[PDB]
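Before any questions on binding or motion, here is one chain by itself as structure tokens, the form solved without the RNA.
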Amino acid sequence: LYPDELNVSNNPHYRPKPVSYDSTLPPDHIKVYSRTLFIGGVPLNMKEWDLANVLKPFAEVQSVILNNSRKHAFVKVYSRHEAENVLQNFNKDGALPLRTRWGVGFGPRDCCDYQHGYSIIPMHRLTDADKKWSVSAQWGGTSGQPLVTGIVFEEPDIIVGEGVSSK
């Protein structure tokens, strides 16, 4: 891929990819923190670039999927910290009609706690591509560490060509 698409220290979108292990998770389950925000009430005149720019003080945006007719978007930012920063501080005045909350970017929707923005996922409910992306993604994921019971990581990037998803 191109150098801008690589999570490396000379890239200005470089982010560390924290991985931890949680002994409370059930057997053959993993924990994944979302980096994806669901934004509803997107004005009709507002496009992908507008959403990216209005969020820039709080978080650098990686991708936007905007359904303009339905007036909502899914916005993936480069790190979990940045996503939490958005929910904590963005549009607290209600100056814009945008309502922001946790989205799911990875794994089945029914595994997600939408209040806290993470999923406890049984490994059998991941596809082969989900598992591959979890370990080999540029942003999020485990950075080569294999998936085992208890592992905790940030939402990994997924690649549209290369597999079906549990999402």
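Only residues modelled in both forms are compared. From 1 onward, residues are counted along the sequence shown. Under this definition, the rigid core comprises the largest set of C-alpha atoms superposing within 1.5 Å between the forms.
Missing here is the form solved in complex with the RNA; even so, the following discussion is about that form.
Remark: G40 counts among the residues lining the RNA in the bound PDB entry, judged by a heavy atom distance of 4.5 Å or less. The RNA is not shown here, but in the bound PDB entry it comes within 4.5 Å of a heavy atom of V160. Under a 4.5 angstroms non-hydrogen atom cutoff, the RNA in the bound PDB entry has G103 among its neighbouring residues. The RNA in the bound PDB entry comes within 4.5 Å of no heavy atom belonging to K56. Between the options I120, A52, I65, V135, the residue in contact with the RNA in the bound PDB entry by a heavy atom within 4.5 angstroms is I65.
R99 is the sole member of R99, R125, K131, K47 with a non-hydrogen atom lying within 4.5 angstroms of the RNA in the bound PDB entry.
Taking the partner from elsewhere, every residue among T36, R70 and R109 has a non-hydrogen atom within 4.5 angstroms of the RNA in the bound PDB entry. Once the core is fitted, the segment that moves between this form and the one not shown, counting only runs of three or more residues with each CA displaced by at least 2 angstroms, is 1 to 4 alone.
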